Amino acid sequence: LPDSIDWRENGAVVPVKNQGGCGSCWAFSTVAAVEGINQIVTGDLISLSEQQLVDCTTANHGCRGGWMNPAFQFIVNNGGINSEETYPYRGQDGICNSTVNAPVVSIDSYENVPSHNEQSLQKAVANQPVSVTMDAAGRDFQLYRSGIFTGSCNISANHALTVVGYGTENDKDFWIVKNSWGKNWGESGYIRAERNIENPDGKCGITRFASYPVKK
């Protein structure tokens, strides 16, 4: 496994987005992961539609929450996902528009990363960006500005993000996590959470519900 990796530098990550006042973090995490695997496999970096997922993932609750896997499943069922441009983000629940359906990026499947193991998560991230859930309900996390996050947080899966890499600084390991709260939050929209900590659940429970899309 590489000592460090940054999919942003590898050109597999599109600029940070903003979910706004819509509880669709799960959709943004799913899209980021798919955008990553597509570029890694095809070389083309395309920004995908979170709105389509919000409107079409019937098992999820749109702006009221949802999980990434059901979203991955929709993309599989739909034979792909629309581009961000053809199905723009509205930040609110809407009808799954079949009239505008035109998948540009498709995936074959998706897999879960063996939980409670930062080494396993690292192996997955070394191959592609990984969708994860973290506890972002605390003040420390939400008020994070820069540096390696070592603040106070539990392990509840109340927020979905995308790990786009990992590295080390000042003898402290960290995960490079892409958030969907805009570029004004954290380090230009990213948060470097401490990696290889004591608790098997990882920082803020990052190793609890991690999964990634599979594209042959």
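Residue indices: 1-based, along the sequence shown.
Higher mean CA temperature factor between 69-77 and 87-95: 87-95, per the PDB entry. Looking at mean Cα B-factors across 204-212 and 7-15, the upper value is held by 7-15. Across 120, 128, 133, 101, the greatest Cα temperature factor reported in the deposited entry is at 101.
Residue 107 sits in the middle third of its chain by CA B factor, as recorded in the PDB entry. In this PDB entry, the Cα temperature factor of residue 191 sits in the middle third of its chain's modelled residues. For residue 39, the recorded CA B-factor ranks within the highest third of the chain. Only modelled residues enter the ranking.
Ranked within its chain, residue 53 lands in the middle third, by CA B factor from the PDB record. When all modelled residues of the chain are sorted by CA temperature factor, residue 143 is found within the highest third.
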